[PDB]
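Chemist: Below: one structure in structure tokens.
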Amino acid sequence: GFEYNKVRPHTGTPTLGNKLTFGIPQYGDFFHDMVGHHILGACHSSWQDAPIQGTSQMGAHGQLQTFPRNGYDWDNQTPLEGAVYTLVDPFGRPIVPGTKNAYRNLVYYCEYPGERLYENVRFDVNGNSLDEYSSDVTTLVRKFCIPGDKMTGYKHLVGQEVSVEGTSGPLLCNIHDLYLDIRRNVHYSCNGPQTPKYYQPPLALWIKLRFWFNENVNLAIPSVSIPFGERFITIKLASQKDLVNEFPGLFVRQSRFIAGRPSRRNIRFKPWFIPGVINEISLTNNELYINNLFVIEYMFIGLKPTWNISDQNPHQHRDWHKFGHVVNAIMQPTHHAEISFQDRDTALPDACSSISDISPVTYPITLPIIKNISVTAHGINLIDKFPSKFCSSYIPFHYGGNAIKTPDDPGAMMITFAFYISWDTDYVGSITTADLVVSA
Amino acid sequence: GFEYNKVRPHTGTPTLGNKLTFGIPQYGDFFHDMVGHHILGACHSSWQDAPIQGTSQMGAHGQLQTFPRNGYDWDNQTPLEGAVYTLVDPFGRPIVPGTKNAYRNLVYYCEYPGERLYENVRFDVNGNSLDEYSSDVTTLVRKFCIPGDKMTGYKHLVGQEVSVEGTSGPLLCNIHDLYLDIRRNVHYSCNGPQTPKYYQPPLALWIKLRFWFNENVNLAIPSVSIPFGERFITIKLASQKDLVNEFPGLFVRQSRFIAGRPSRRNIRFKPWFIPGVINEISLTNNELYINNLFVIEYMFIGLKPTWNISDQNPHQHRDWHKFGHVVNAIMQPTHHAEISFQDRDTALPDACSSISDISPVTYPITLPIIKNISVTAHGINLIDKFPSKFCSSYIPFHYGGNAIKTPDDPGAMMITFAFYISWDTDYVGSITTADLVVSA
Amino acid sequence: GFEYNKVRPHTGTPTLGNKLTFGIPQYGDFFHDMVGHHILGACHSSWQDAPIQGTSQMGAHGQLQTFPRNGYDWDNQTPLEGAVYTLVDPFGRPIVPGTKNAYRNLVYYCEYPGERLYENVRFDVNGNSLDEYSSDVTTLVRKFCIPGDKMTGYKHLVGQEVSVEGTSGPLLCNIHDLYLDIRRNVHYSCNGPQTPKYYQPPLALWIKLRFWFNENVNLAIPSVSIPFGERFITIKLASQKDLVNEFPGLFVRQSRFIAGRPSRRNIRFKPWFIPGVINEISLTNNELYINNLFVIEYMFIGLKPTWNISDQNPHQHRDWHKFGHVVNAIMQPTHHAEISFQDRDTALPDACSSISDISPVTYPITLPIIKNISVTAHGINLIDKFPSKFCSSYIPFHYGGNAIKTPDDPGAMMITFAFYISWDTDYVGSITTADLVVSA
Amino acid sequence: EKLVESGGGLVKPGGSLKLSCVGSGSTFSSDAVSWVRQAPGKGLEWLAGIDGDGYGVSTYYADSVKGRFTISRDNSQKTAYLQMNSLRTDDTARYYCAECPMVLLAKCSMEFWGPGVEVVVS
Amino acid sequence: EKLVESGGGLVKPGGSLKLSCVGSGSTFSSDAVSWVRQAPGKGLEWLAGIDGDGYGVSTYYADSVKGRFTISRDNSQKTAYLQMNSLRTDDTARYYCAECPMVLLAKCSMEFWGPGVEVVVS
Amino acid sequence: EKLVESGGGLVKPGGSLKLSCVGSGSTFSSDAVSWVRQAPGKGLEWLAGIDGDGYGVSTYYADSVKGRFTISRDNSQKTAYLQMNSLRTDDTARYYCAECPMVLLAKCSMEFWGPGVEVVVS
Amino acid sequence: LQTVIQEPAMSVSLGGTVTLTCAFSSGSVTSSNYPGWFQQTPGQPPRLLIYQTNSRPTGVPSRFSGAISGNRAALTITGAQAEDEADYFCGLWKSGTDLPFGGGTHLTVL
Amino acid sequence: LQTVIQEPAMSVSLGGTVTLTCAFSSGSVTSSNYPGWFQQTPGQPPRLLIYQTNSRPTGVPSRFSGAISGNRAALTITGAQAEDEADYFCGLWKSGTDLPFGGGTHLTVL
Amino acid sequence: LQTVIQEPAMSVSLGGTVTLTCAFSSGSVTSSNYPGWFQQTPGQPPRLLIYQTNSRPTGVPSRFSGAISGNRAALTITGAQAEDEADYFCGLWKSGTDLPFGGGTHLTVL
């Protein structure tokens with residue numbers, strides 16, 4: 001027999017960025033798994049004023065946002081022949097300059113916000129912390145030991161959006177062989193917490209606590225082995241600025257007419273990003289579900305640049321978990337058209353047009369930061385100068401069985417034994433290290 | 001040793017919507033699994049006449065189809081400035097109004113047509129039905145107990161289409177870091193039975209019969225346990241109108257010219273859907289591959305709105321299996337262009353154009369209908385007012401092992417024990433319930 | 001204890017298309033798994049000349065490439081009204097006719113180049129080959145006995161590209177129920193070795209050797225059971241012409257003006273593909289990693305047309321591994337626009353435009369080549385006249401457990417027993433057969 | 001959407017005449033034009049008609065006037081012309097235009113009408 | 001971007017006048033035009049101005065001239081017009097244009113100026 | 001695709017002349033024009049030529065006439081002009097156009113020809 | 001020949017209900033002939049009341065109705081008024097290129 | 001009323017530093033008024049030196065600076081030259097529809 | 001200098017095969033010179049027969065052929081007729097900016 005009881009926070013009304021404590025009661029003869037349930041409240045941003053043409057202002061991350069005058073480039077100093085600048089919404093809806101309380105920034109969350117919330121978990125027995133981990137071993141656990149069939153449930157628990165598939169109408173095709181056919185196109189879309197929205201609804205998060213006895217039903221420690229009043233759980237919740245971020249709510253639209261033959265019209269866009277204030281997020285229904293039952297050979301290593309988690313990173317919310325050097329590739333699709341007004345001379349079009357989109361398409365590309373890794377021992381040299389892809393890909397592929405999944409990031413490495421990690425690196429900068437020694 | 005021999009229908013020449021019977025003979029000392037093989041015939045629709053401008057007719061599902069006059073809105077009553085209406089195919093090929101036998105509707109199938117076919121399966125031994133299930137337990141077993149590694153074969157057996165991948169030519173990109181590159185785009189398409197086609201080729205269906213002894217090779221019942229002449233299998237095949245459906249074969253094209261500066265041209269489309277007659281589908285090669293070998297702790301609950309399966313639902317063929325409240329999100333991509341005819345005043349374009357597509361892109365979004373679920377017993381409360389996502393997501397994720405897959409729908413719930421399902425609901429309407437008690 | 005030792009090639013400086021030999025030494029009491037590591041060098045093509053208008057030249061596979069004159073069709077003989085032909089790059093950058101050393105072709109690799117490299121592997125003990133397999137058994141192994149969770153690592157080892165996901169900005173949607181929302185679009189892209197590039201960087205390949213004792217850690221043969229100097233591994237590397245291929249670096253742009261009302265402008269493209277010379281690829285860091293540990297019931301059959309691997313096949317690099325008849329479906333997306341210059345008569349647009357892309361979208365569609373298959377026995381008929389999909393789909397789906405994955409190709413069949421393969425086809429041509437008898 | 005007729009007057013027998021119809025609508029180029037006549041003391045009689053842009057433009061005629069009358073269109077100036085040859089003494093009537101809100105003329109509507117011009121043959 | 005003024009001359013009291021301003025820039029149709037006058041021996045005084053294309057075009061006036069002056073724009077010919085009614089003896093001054101490098105006139109810069117024309121009332 | 005030539009006649013020595021060539025093809029603006037002459041009793045001699053739209057337009061000349069002749073194009077009116085300065089007594093010949101079915105003049109074919117005009121210097 | 005016939009004249013009391021009929025000489029009128037009804041106040045161009053046997057253009061009162069009764073085309077005026085004193089025409093679309101009108105029926109509102 | 005107040009005239013030594021001031025009659029000048037500064041050599045149209053209190057249009061030397069000091073707008077010329085002898089005007093954007101200028105200050109370089 | 005050399009005159013019997021040759025003064029003719037062959041019936045503009053040494057424009061019979069033999073350009077007429085009696089010109093594209101023609105060979109069909 002088993003039922004899930006409730007445990008209330010001992011501290012009282014927790015906040016984002018402060019210690020939180022649960023007290024473990026002895027209700028059943030064994031306790032097996034623990035789940036933390038939290039409900040983050042609604043979010044939005046403050047109203048802002050529209051700029052005046054010619055204004056330059058210091059934005060986020062030391063970036064200067066400008067609203068250039070007519071006939072000047074994006075720096076408001078270099079002349080341009082026919083540029084005209086207006087203001088628009090992220091969806092193309094116009095805005096009049098100078099209007100008070102004219103626009104709001106959009107708000108979105110981090111990726112896997114249910115994993116960044118618990119920045120530190122400790123299980124204390126009158127002090128003497130039996131176990132303690134951070135929000136780094138959780139990333140290794142999800143990248144290695146989660147089967148993959150159960151990714152939908154896990155991404156639902158930690159509040160990560162899942163793409164939804166849609167279809168189009170029938171279309172004609174011409175087959176070749178060495179004929180016509182009807183086919184459909186398949187598209188994907190997202191609507192979760194990570195999509196920038198004007199108003200983010202309350203978010204419910206379930207977070208499973210992972211101690212050495214929680215792995216198996218037969219290994220759960222008793223609730224009587226230790227005196228009743230000494231058991232405590234301490235959690236250091238992450239700050240609000242590490243969970244929510246803002247997306248620009250105002251764009252500058254540039255229209256340029258180039259004279260000649262063909263005469264051309266070009267339309268481009270540039271964000272106007274000035275940070276605002278997000279209201280305080282409050283945690284409600286903070287509960288701990290404890291299940292009451294009634295009567296070395298592996299190591300995962302992560303090499304993460306410090307640039308990933310630094311506050312000066314404009315993309316830290318996306319890249320806070322990736323193990324590698326992340327660059328960005330930008331597609332900018334464009335609608336092109338050519339028109340001829342007469343039939344006397346038609347070698348070249350009389351007019352052209354190229355319409356751009358308000359926001360581009362961004363692809364994150366992760367690259368390795370390690371060429372050779374060696375984990376020496378005081379007795380023998382042990383692993384020596386093995387290539388990165390040997391430890392990253394081949395070892396998980398061969399060893400492990402169905403339990404260990406082959407990771408995706410190039411920086412997540414795995415080595416088998418049956419403690420001085422040095423590496424060769426062409427990347428200049430600080431590098432963080434995470435470890436997880438497990439036996440299977 | 002195992003040999004797959006065939007069994008013929010006892011009734012003789014089955015039809016779509018009537019009882020079907022197989023008689024099991026004693027050929028081997030044991031029988032392990034049952035597979036039914038059917039071949040549904042070809043399908044098409046009947047020819048129809050093109051309408052006359054100004055006509056309104058009574059369409060399907062109580063919807064009024066109309067072909068408005070020039071200068072009026074879609075309701076043929078509200079004036080509009082410059083609307084002009086013509087007729088087209090789904091592929092843009094024109095049609096002249098009034099022509100006799102001018103077009104045909106397109107036909108497609110349901111999703112997973114091999115699961116709706118067996119609406120009811122009974123195993124009888126001179127009466128006294130040992131087992132009996134419907135076309136709802138099968139949906140639960142495919143959403144829970146199918147590994148997902150073996151989903152391509154299952155989707156091939158029941159006649160469900162799979163998407164095919166394709167690529168484009170090389171394209172240029174500008175990388176950023178805090179450079180140029182060549183990349184390819186990846187697209188997907190579908191060509192299966194569910195794509196609307198003028199003529200649907202014959203469809204072969206293999207359907208596996210799931211009785212308690214068919215789960216494992218060691219649990220199969222013998223063929224000598226019960227007297228020879230009493231074994232029978234009874235199946236109630238689904239009707240024809242619950243398997244195939246029609247898609248419009250005629251569209252009304254509206255072109256509107258808006259005067260001023262910029263002068264604008266808009267092109268939009270609207271279906272003209274009048275139901276036709278689909279020929280009778282005949283089952284052939286109806287066989288049963290009986291295999292002759294030669295010598296509680298789980299509950300899955302699905303709560304389905306009655307709107308999903310009602311004949312008045314315009315999307316019942318898509319949503320007949322989903323456990324949740326289904327809404328639709330429609331995206332309509334558009335080609336936009338602006339042209340200027342001179343260089344005197346170029347602040348605003350001289351002309352604009354917006355071209356739509358004949359059919360939009362539709363995303364089905366499933367939402368939960370349950371906030372709290374309790375399965376009480378005469379002894380104690382057991383599960384009491386637990387949230388929806390705890391039963392939907394966390395329970396499959398933790399318990400089960402590799403056998404149980406985490407479902408995708410918000411209405412499929414799992415509860416563990418080692419019988420009065422009440423729920424709290426913000427949705428007004430009837431709710432169907434499906435249960436499946438299994439032990440593992 | 002286990003560490004990976006390195007073994008150097010015995011022959012000395014391997015080349016692409018010649019025999020290669022390793023000599024196994026006795027270092028540990030057992031050897032478990034063997035991995036070959038190679039590093040293929042950089043690739044590129046030679047500079048070529050631009051053509052002169054009116055030229056026709058014989059290209060690859062006996063195809064005639066032409067650069068038509070003004071006012072003629074693609075065959076340079078049939079008159080056309082207003083065709084004008086110029087030269088461009090794959091990215092639209094113009095090229096002047098007659099220029100010396102004006103363009104280069106692009107180079108790409110085969111699909112799964114790490115599997116085509118080892119065209120024949122032999123294990124010799126003073127002759128007397130204990131085992132021998134080709135590059136066809138490996139394809140069956142990957143299509144059947146690889147779990148699927150571990151496919152990212154495998155595709156990284158053999159140099160097969162993996163798609164990367166990106167997102168766009170927020171977009172507005174209108175919901176319907178029987179309301180507005182913000183959603184995102186999800187796209188995919190590729191950048192691996194199989195994407196045509198001007199310069200292909202060096203490619204590192206790890207290839208696992210599969211002998212009967214390598215399957216399990218407990219079944220690895222000892223290094224002492226056989227005399228020390230008799231063990232040898234022989235590998236016949238594939239030729240350079242079977243690993244890399246070229247993509248056109250020059251395109252012909254046709255622009256046509258059609259007079260009347262509406263006046264129309266059409267732009268289309270056609271490749272100018274003349275083969276060049278690719279430099280010799282050199283293998284470096286050729287190593288063998290030997291693990292030094294310190295102290296019938298299944299058949300997979302693949303039916304492959306000889307057209308798949310024939311040198312005259314323009315798509316042999318894509319289709320060298322597919323078990324079926326492969327056709328191609330081509331989509332050609334187009335940008336369309338309509339413009340009206342006045343407001344007197346506006347029934348029909350005054351001008352139109354349709355712009356095509358330089359390269360189309362190609363989907364490979366695989367179709368079965370077998371209708372009935374029978375593997376008879378000298379005693380009884382055994383499997384007789386079973387349909388193709390019974391052996392391709394149902395048998396893997398039911399039998400096998402989690403080990404056997406359900407394949408994706410219609411030509412890969414599996415049959416269970418506890419040797420004369422005949423088949424019935426509607427396909428005329430040569431057919432190749434591959435077999436792999438395994439017990440589990 | 002209104003119409004104005006012009007070009008009607010006394011015609012000597014055996015002559016030829018041309019009647020013009022000017023429209024001032026927003027969809028005149030996508031509307032089917034027709035010509036109707038009414039002898040004094042009799043009922044309406046349909047004479048000829050033309051289609052509108054959007055499909056193949058074509059001209060339809062009655063049986064009593066085919067070969068003698070010709071209907072033509074001019075969308076640039078928003079005008080419809082009727083040319084009548086070999087007028088007989090039994091053609092003294094009143095001629096109206098009729099523009100439907102439709103493209104094709106087969107089974108039309110004939111909503112809008114013009115004031116008409118009184119043509120006399122004597 | 002330069003400007004040329006014309007239409008200024010001696011005007012009898014109680015009359016009306018029109019002044020024209022011709023621009024030869026590449027963005028004249030997207031620029032805010034304004035009129036500024038300067039009496040002899042005094043400081044500049046702003047009179048009226050109009051917006052540019054891109055939003056709703058509107059005309060703003062001062063308090064001492066509202067109801068008597070009217071500013072108009074003509075982008076086709078690249079011209080701005082000022083119409084002055086009921087000129088008094090205290091209007092003898094010099095009038096300049098000021099083409100803003102901006103779409104809206106509110107809180108502008110007025111970088112470009114023209115030579116001006118000497119309007120006299122006597 | 002035919003050509004019509006004009007502007008040829010008797011010219012006093014030391015004068016200047018202009019020859020015009022008018023095309024009536026559907027791709028005249030994308031075709032390379034050239035001018036050829038033939039003295040009586042001799043063979044053809046190539047003089048000058050111009051490119052077609054699609055790339056950079058340029059003019060090429062021979063060695064015996066560079067600096068004295070000038071070839072120009074006018075696509076709007078479908079015309080090509082040749083201006084000849086300082087004509088000598090050894091230029092009495094017949095002048096033809098040659099419209100290439102090609103964009104660039106380099107290594108053309110010169111399929112189409114005109115009837116020619118008789119230019120005399122005396 | 002296919003000619004259109006109707007009653008030469010009809011009468012009605014003010015505020016009453018009166019039905020006019022229209023027919024072919026030999027054939028049978030169905031919904032595929034698309035009958036239309038026209039009114040002509042003397043000295044004025046004809047005005048369209050009923051098109052396609054049921055629909056009314058904007059600006060026509062709801063007291064006018066049209067239908068097909070047996071093999072006849074019927075127009076019903078309910079609640080007659082003084083202004084209704086005029087002539088009524090029925091136009092039938094036989095084939096696809098012929099529109100023979102009717103003789104014209106004068107309606108007398110006493 | 002809201003009127004602009006300046007000094008009547010000022011003086012400076014060649015190569016010196018001189019600051020002109022501009023103020024409201026009753027209110028307080030802030031950065032939301034967007035003050036601008038104009039120069040008018042005799043016989044020539046006014047020329048713009050400072051807009052938005054710190055920005056300089058192209059073609060103006062770097063010795064001209066502007067700022068807001070306390071509740072006044074200040075223009076500073078450092079390193080005066082002979083040509084600088086002219087009149088200076090202050091333009092204040094009060095509200096969104098009125099631009100009252102200043103009296104105009106004559107600068108004398110001794 | 002680079003000048004074109006042709007035979008002054010040739011002869012052929014009716015229905016025979018005759019080959020005309022065209023050469024450089026010092027260099028060697030290859031396929032990169034793109035020789036062209038022209039025919040000029042007296043009183044008429046020249047007409048193009050062979051371009052790029054192998055291709056025929058539409059409207060020219062198949063009895064005309066062109067090739068490069070050794071280091072000369074050869075035009076072969078097989079099955080001569082009466083109309084073929086005219087002058088033949090060879091034009092060679094040396095460099096990319098000069099097209100020197102030939103002296104012209106008169107062909108006589110006896």
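Letters A, B, ... mark the chains of the structure tokens in the order given; residue numbers begin at 1 per chain; ligand numbers begin at 1, in order shown.
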Please identify all polymer residues within 7 Å of range 389-396 of chain C, counting only C-alpha atoms, omitting same-chain residues fewer than 5 positions from it, and present them as number ranges by chain.

Modeler: B: 153; C: 404-406, 410, 412-415

Chemist: Limited to N, CA and C atoms, could you put the picked residues into a file as a PDB file, in the first residue's frame?

Modeler:
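For reference, again04.pdb as written:
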ATOM      1  N   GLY B 153       6.151   0.178 -38.131  1.00  0.00           N
ATOM      2  CA  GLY B 153       5.453  -1.017 -38.566  1.00  0.00           C
ATOM      3  C   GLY B 153       3.983  -1.001 -38.197  1.00  0.00           C
TER       4      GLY B 153
ATOM      5  N   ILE C 404      15.001  -6.019 -31.681  1.00  0.00           N
ATOM      6  CA  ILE C 404      14.770  -5.838 -33.109  1.00  0.00           C
ATOM      7  C   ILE C 404      13.895  -4.611 -33.321  1.00  0.00           C
ATOM      8  N   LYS C 405      14.413  -3.641 -34.063  1.00  0.00           N
ATOM      9  CA  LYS C 405      13.653  -2.473 -34.471  1.00  0.00           C
ATOM     10  C   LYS C 405      12.890  -2.780 -35.755  1.00  0.00           C
ATOM     11  N   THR C 406      11.722  -2.160 -35.896  1.00  0.00           N
ATOM     12  CA  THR C 406      10.937  -2.310 -37.112  1.00  0.00           C
ATOM     13  C   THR C 406      11.547  -1.464 -38.220  1.00  0.00           C
ATOM     14  N   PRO C 410      10.674  -0.964 -47.582  1.00  0.00           N
ATOM     15  CA  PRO C 410       9.771  -2.056 -47.978  1.00  0.00           C
ATOM     16  C   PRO C 410      10.487  -3.310 -48.444  1.00  0.00           C
ATOM     17  N   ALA C 412      13.289  -4.734 -46.892  1.00  0.00           N
ATOM     18  CA  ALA C 412      13.959  -5.450 -45.812  1.00  0.00           C
ATOM     19  C   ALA C 412      12.944  -6.364 -45.138  1.00  0.00           C
ATOM     20  N   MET C 413      13.157  -7.671 -45.245  1.00  0.00           N
ATOM     21  CA  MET C 413      12.221  -8.663 -44.740  1.00  0.00           C
ATOM     22  C   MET C 413      12.883  -9.501 -43.657  1.00  0.00           C
ATOM     23  N   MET C 414      12.063 -10.015 -42.746  1.00  0.00           N
ATOM     24  CA  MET C 414      12.535 -10.849 -41.652  1.00  0.00           C
ATOM     25  C   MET C 414      11.612 -12.049 -41.517  1.00  0.00           C
ATOM     26  N   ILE C 415      12.196 -13.238 -41.376  1.00  0.00           N
ATOM     27  CA  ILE C 415      11.442 -14.476 -41.234  1.00  0.00           C
ATOM     28  C   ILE C 415      12.019 -15.274 -40.074  1.00  0.00           C
TER      29      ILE C 415
END

Chemist: With a distance cut-off of 10 Å and only C-alpha atoms, select the neighbouring residues of range 17-27 of chain H, excluding the residue or stretch itself and same-chain residues fewer than 4 positions from it, and output the selection as number ranges by chain.

Modeler: H: 1-7, 9-13, 35, 37, 63-69, 71-80, 88-92, 94, 102-105, 107, 109

Chemist: Can you pull out every residue within 12 Å of residue 30 in chain F, counting only C-alpha atoms, but drop anything in the same chain fewer than 4 positions away, and send it as a PyMOL selection string?

Modeler: (chain A and resi 344-348) or (chain C and resi 69-71+82-86+255-257) or (chain F and resi 23+25-26+50-55+57+73-75+78+99-105)

Chemist: Could those residues be written to a file, using C-alpha atoms, as a PDB file, in the first residue's frame?

Modeler:
ATOM      1  CA  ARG A 344       9.049  48.305 -75.938  1.00  0.00           C
ATOM      2  CA  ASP A 345      12.275  47.270 -74.174  1.00  0.00           C
ATOM      3  CA  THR A 346      11.903  44.368 -71.742  1.00  0.00           C
ATOM      4  CA  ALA A 347      15.448  43.059 -71.229  1.00  0.00           C
ATOM      5  CA  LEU A 348      15.483  44.397 -67.658  1.00  0.00           C
TER       6      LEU A 348
ATOM      7  CA  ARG C  69      20.385  31.410 -77.960  1.00  0.00           C
ATOM      8  CA  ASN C  70      17.888  34.243 -77.519  1.00  0.00           C
ATOM      9  CA  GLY C  71      14.386  33.346 -78.650  1.00  0.00           C
ATOM     10  CA  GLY C  82      11.017  36.225 -75.546  1.00  0.00           C
ATOM     11  CA  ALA C  83      13.519  33.934 -73.838  1.00  0.00           C
ATOM     12  CA  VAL C  84      16.761  35.514 -72.598  1.00  0.00           C
ATOM     13  CA  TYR C  85      19.537  33.386 -71.098  1.00  0.00           C
ATOM     14  CA  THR C  86      22.298  34.416 -68.678  1.00  0.00           C
ATOM     15  CA  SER C 255      13.852  35.062 -68.305  1.00  0.00           C
ATOM     16  CA  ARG C 256      10.748  35.201 -70.495  1.00  0.00           C
ATOM     17  CA  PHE C 257       8.392  38.124 -71.120  1.00  0.00           C
TER      18      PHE C 257
ATOM     19  CA  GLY F  23      14.810  46.589 -85.305  1.00  0.00           C
ATOM     20  CA  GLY F  25      12.165  41.870 -82.876  1.00  0.00           C
ATOM     21  CA  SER F  26      10.943  40.603 -79.526  1.00  0.00           C
ATOM     22  CA  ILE F  50      27.899  47.137 -78.902  1.00  0.00           C
ATOM     23  CA  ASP F  51      26.697  44.776 -76.178  1.00  0.00           C
ATOM     24  CA  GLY F  52      23.216  43.927 -74.940  1.00  0.00           C
ATOM     25  CA  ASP F  53      21.411  44.416 -71.637  1.00  0.00           C
ATOM     26  CA  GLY F  54      22.087  41.879 -68.903  1.00  0.00           C
ATOM     27  CA  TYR F  55      25.694  42.761 -68.103  1.00  0.00           C
ATOM     28  CA  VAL F  57      27.227  47.538 -71.679  1.00  0.00           C
ATOM     29  CA  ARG F  73      22.098  52.290 -78.584  1.00  0.00           C
ATOM     30  CA  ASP F  74      18.543  53.392 -77.749  1.00  0.00           C
ATOM     31  CA  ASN F  75      16.427  50.525 -76.429  1.00  0.00           C
ATOM     32  CA  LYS F  78      14.559  49.993 -80.680  1.00  0.00           C
ATOM     33  CA  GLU F  99      21.808  41.636 -84.868  1.00  0.00           C
ATOM     34  CA  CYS F 100      23.262  38.801 -82.813  1.00  0.00           C
ATOM     35  CA  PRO F 101      20.976  36.302 -81.093  1.00  0.00           C
ATOM     36  CA  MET F 102      23.257  36.810 -78.099  1.00  0.00           C
ATOM     37  CA  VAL F 103      23.924  39.167 -75.206  1.00  0.00           C
ATOM     38  CA  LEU F 104      27.702  39.646 -75.453  1.00  0.00           C
ATOM     39  CA  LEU F 105      29.300  40.583 -78.762  1.00  0.00           C
TER      40      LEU F 105
END

Chemist: Taking a cut-off of 10 Å and counting only C-alpha atoms, can you build a table that, for each residue of chain E near chain H, reports the nearest atom pair and how far apart they are in Å (one decimal), sorted by chain then residue number, as a tab-separated table?

Modeler:
residue	atom	partner	partner_atom	distance
E:42	CA	H:103	CA	7.1
E:43	CA	H:103	CA	5.2
E:44	CA	H:101	CA	6.1
E:45	CA	H:101	CA	6.3
E:46	CA	H:99	CA	6.4
E:47	CA	H:99	CA	9.0
E:48	CA	H:98	CA	9.4
E:49	CA	H:97	CA	9.5
E:59	CA	H:97	CA	10.0
E:60	CA	H:97	CA	6.7
E:61	CA	H:97	CA	7.6
E:62	CA	H:98	CA	6.7
E:63	CA	H:98	CA	8.8
E:96	CA	H:45	CA	8.0
E:105	CA	H:97	CA	8.6
E:106	CA	H:96	CA	5.4
E:107	CA	H:93	CA	6.0
E:108	CA	H:34	CA	8.4
E:109	CA	H:51	CA	6.2
E:110	CA	H:48	CA	7.9
E:111	CA	H:48	CA	5.9
E:112	CA	H:47	CA	8.1
E:113	CA	H:45	CA	6.7
E:114	CA	H:45	CA	6.9
E:115	CA	H:45	CA	5.8
E:116	CA	H:45	CA	7.6

Chemist: May I ask for the distance between CA of residue 407 in chain A and CA of residue 149 in chain C, given in Å to one decimal place?

Modeler: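 Those two atoms sit 9.3 Å apart.
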
Chemist: Could you tell me, as a PyMOL selection string, which residues of range 75-217 of chain B DSSP assigns to helix (DSSP H, G or I) when given the backbone?

Modeler: chain B and resi 113-116+137-144+151-157

Chemist: Quick check, in Å to one decimal: how far apart do CA of residue 205 in chain C and CA of residue 156 in chain C lie?

Modeler: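 Value for the CA of residue 205 in chain C-CA of residue 156 in chain C distance: 8.8 Å.
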
Chemist: Give the residues of chain A that lie within 6 Å of chain C; count only C-alpha atoms, and format the answer as a count of residues only.

Modeler: 16

Chemist: Would you return as a PyMOL selection string the members of chain G that DSSP assigns to strand (DSSP E) on this structure's backbone?

Modeler: chain G and resi 4-6+9-12+17-24+36-40+47-51+64-69+72-78+86-91+105-109

Chemist: Quick one: pull the distance between CA of residue 123 in chain B and CA of residue 300 in chain B, Å, one decimal.

Modeler: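 Value for the CA of residue 123 in chain B-CA of residue 300 in chain B distance: 22.7 Å.
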
Chemist: Give me the residues within 7 Å of residue 246 in chain B as JSON, numbers by chain, counting only C-alpha atoms and dropping any in the same chain fewer than 2 places off.

Modeler: {"B": [105, 106, 107, 108, 248]}

Chemist: Identify every residue of chain C that has at least one atom within 12 Å of any atom of chain I, counting only C-alpha atoms, and report the result as a ChimeraX atom specification.

Modeler: /C:51-56,69,72,76-79,97-99
